[PDB]
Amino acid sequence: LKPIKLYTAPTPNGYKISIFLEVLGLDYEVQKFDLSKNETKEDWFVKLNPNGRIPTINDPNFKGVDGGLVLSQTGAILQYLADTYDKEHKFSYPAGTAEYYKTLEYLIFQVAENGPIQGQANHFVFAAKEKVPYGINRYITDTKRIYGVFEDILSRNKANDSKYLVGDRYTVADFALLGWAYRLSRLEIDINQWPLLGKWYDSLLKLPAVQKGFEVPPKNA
């Protein structure tokens, strides 16, 4: 198995992929991007990913494509990794099962709502050149609404003591949320206010593969 090529940056979306690659025990190499310098909008990278954003992977083990499968969107990459590299179903469910589709539901809920909304909150709080309270308020509030939904989802998993989003194992859904959950403190939002999510977060943060994923790439150079 050849190293997977990871185009990334030290961001919640990047962390999803680096964490899940560590969890699957996959070898990989990274190319690191400086977002503040608009490097993901450079021509050569947009040829790989039209959207011009990280993360993107190139898997040279995918034989049908010359030069390897190039894939973007954390939602798609996570699914691809699970389908291809977790056939033992340690972190995923068999295709076409209810638990498989519920995984999809909550993964897509994460990429379609959690990420975009918390991202807007981060923009109005940290990045925006002007202070716009309407926006700060709209996205902080909706961020809280969404984590309230995840708290509810966990509460529904009674038979496995609300330890996982779906059934009796972490799935790509958990790992996707994990990336952003890790950034909540930046908005002065204490994840412990949602008790089940607090336990779920603490559990994941104890796994060495999670701790390693959060280190890739470093916040440094």
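Counting begins at 1, following the sequence as shown.
Mean CA temperature factor is higher for 209-217 when stretches 209-217 and 15-23 are set side by side in the entry. Mean CA temperature factor is higher for 59-67 when stretches 180-188 and 59-67 are set side by side in the entry. Note on the listed residues 155, 160, 193, 51: the highest Cα temperature factor in the record is that of 160. Of the candidates 113, 151, 130, 105, the deposited coordinates give 130 the top C-alpha B factor. Residue 75: CA B factor in the lowest third of modelled residues in this chain (values from the PDB entry).
Among the modelled residues of its chain, residue 172 has a C-alpha B-factor that falls in the lowest third, as given in the PDB entry. Compared with the other modelled residues of the chain, the Cα B-factor recorded for residue 109 ranks in the lowest third. The entry lists a Cα temperature factor for residue 135 that places it in the middle third of the chain's modelled residues. Sort the modelled residues of the chain by CA B factor and residue 164 lands in the middle third.
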